[PDB]
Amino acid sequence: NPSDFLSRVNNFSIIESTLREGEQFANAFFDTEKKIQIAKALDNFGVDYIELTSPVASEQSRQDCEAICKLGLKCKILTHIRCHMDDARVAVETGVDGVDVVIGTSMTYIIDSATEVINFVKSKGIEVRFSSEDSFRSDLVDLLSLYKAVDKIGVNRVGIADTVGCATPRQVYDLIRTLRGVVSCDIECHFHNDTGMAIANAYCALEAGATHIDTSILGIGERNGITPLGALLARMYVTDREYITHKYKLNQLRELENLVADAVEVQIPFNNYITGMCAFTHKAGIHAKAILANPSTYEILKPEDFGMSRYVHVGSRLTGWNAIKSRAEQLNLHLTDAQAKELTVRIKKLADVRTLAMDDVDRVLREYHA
């Protein structure tokens, strides 16, 4: 009971990191124009913050950070620096709303260096966050003493980052809960998905009092990336439907993912949360009898909350035009006769070149909107 009072499950902010973490994705090479498209779409979608690659990284990186701060977006624009006064100056000139100071223990000297940079940023009227890299493989007592010191100085947020992807949910819960007892400020969390824990860790972090979670569209990032944006929203929606459906424009998630999928040349995985081919499907037939209750009894995600029309009850392999129509009708693409013709021409010239895959259905449909 009492700890429910600290839970942030229906009162948190997303720090969208497709334009920071996502630039570490193996196939991400965003140009200025494509970053701007993504920033605008993220803002329309309803995230509170977007984070950008450090403006010290490169020239184009500094220019793009300046351009994005000039767009008039509703969400706040963040970036990050190393703990050097040099970098801080560059960052505050760009027009960002906040700066993360990142350090690694991954001792008395850290506290001193960190104070100069924190007060400089603060004096420029800018939000300041203080974070550690590889927080779960850093000495616990040193880490916490450091957060305590910077809390006494005054920052807006402190950050925990599982950079390596080894943290487990109850381990995260316990650390965040202790951090929540040590500091008086807000708490942001960043979780790598190497072992499948990035969404679970995000959730436990919120339960323990974290106020801000980093996400990435389709989870793109270093290695297999971080907490996916869509995946977190699916989880948080189950916890509080009315909060998530009103805060975000959930019916825009598919277009937002397709925009990134195009840029980084990937297919939306068949089992992607919400938007994957198979996410809103039930098996009909001899295999529906494999559970005791009717398949429709298990619909934790309501399809129309996410812009879709139904669960598809699959009893046979739908092939050709049949597969396209079903998926298109599920996605609310009201396809004209002329559109239906191209698709079955493209879908043929595809299957004739190579034996068709379930993923190809969504792939040939990408170019279409509701």
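Note that residue numbering follows the sequence shown and begins at 1.
Compared with other deposited structures of the same protein, residue 295 meets the criterion of being unmodelled in at least one third of those that resolve residues on both sides. Across the other entries compared, none leave residue 347 without coordinates where the residues on each side are present, so it is far from a third.
Missing coordinates between residue 106 and residue 107 amount to 10 or more residues of the deposited sequence. The mean C-alpha temperature factor is higher for 110-118 when 233-241 and 110-118 are set side by side. Annotation for 273-281 versus 81-89: the higher mean temperature factor (C-alpha) is found in 81-89. When the modelled residues of the chain are ordered by C-alpha B-factor, residue 43 sits in the middle third. Residue 190: CA B factor lies in the lowest third for its chain, per the PDB record. When the modelled residues of the chain are ordered by their C-alpha B factor, residue 58 lands in the middle third. Placement of the Cα temperature factor of residue 295 within the chain: highest third of the modelled residues, per the deposited record. Sort the modelled residues of the chain by CA B factor and residue 10 lands in the middle third.
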